[PDB]
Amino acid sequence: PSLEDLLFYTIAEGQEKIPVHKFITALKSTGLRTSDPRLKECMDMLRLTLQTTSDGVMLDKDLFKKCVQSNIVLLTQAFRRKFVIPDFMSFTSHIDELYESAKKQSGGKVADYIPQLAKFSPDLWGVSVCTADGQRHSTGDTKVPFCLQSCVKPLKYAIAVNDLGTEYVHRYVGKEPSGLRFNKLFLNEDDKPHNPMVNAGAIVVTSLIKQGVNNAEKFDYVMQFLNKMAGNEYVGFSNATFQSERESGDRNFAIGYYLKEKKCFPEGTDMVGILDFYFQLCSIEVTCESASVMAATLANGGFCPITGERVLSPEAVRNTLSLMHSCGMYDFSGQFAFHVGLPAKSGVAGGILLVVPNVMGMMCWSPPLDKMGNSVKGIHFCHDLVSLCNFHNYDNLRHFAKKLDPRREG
């Protein structure tokens, strides 16, 4: 027997030469992208076989074997429908309808409190999917960068817990929602911020990461970390957003000074610098595509699905998902957890980083916010998404009424 030969016969279809475009089309049908880093040896070898000839361009079993040998494990599970979403082409047409249905919710106000969130057009709308297996799909404005803002809060929390542990991190930050009563209070009863997802909590978490080095290396290290989280897809920085966030962060300076007075920072913290680092971390830029890979890493137990690298420890991902569940959508967190039941995190730029554990990661983006700070189209999409699929954290995998389950084929 031989696995490269088996794969060849199921794609060759009784024929005895496979055109290269027919293998690439079959490959995209799985949902993988030709630029998937795990396929680079096979793509490199197709580029090198495509130097021998403009004439022919077809692959027999040993030229097919010559190329796919290196990636045969990953290619066969794609072609034997063993990915988390077997009929991925069906699923993306459901993603497309959902996207078109939110695209009609043109309500909401674009954030204007700094001129950089204000440049953004209110009709921009993108959705990007990445599954725990690296199947990819985008629809809308998924390759235009925008700032993470508070979507960076779960990421730096994950980094902090990954490096220092749950017990150290939560000496300085709570792990509960504050209650739809104390959005205005900075501290709880043990004089810690309520959770890493609020501004007081995020600011303390920022003070914990890579202590003892300067802000340039702290920022470089986090940029490093989000690079592995996004499988090296687009991660950037908006100094324009950075400069406006700092000439307007009077609430954040208030929080910083309060926390300094309540001794909420580690010993030896230069608070005003932490606020500068914090403003930098919220001006980091992503696209829907690159952010959905960050989301997919959290959906995949800490392994980036398009590279296979272990990026976060399982304790760090669990905590971050646990706190995205309950504190992730500002004053909407309770309603979102009840009706949508997915770990999610909103930001004022209009992104909603969304995680379906064991299935997929996503980044929705539309700048118009609702009265609570969450993207109107984004919020609409997540209700529709869970209304269509048994993706709700407490849906049942066996008895789920008339909803659809993309993890299965029949």
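We number the residues from 1 along the sequence you see.
Of the two stretches examined, 153 to 161 and 178 to 186, the record assigns the greater average C-alpha temperature factor to 178 to 186.
According to the PDB record, 74 to 82 carries the higher mean C-alpha B-factor of the two stretches 74 to 82 and 322 to 330.
Taking the PDB entry at face value, the top CA B factor among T269, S238, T287, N195 belongs to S238. Across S366, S29, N358, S346, the entry's maximum B-factor at the CA atom is seen for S29.
Among all modelled residues in its chain, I379 ranks in the lowest third by Cα B-factor. Among all modelled residues in its chain, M89 ranks in the highest third by Cα B-factor. Ranked by C-alpha B-factor against the other modelled residues of its chain, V129 falls in the middle third. In this PDB entry, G140 carries a Cα temperature factor that places it within the middle third of its chain's modelled residues. For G373, the recorded CA temperature factor ranks within the middle third of the chain's modelled residues.
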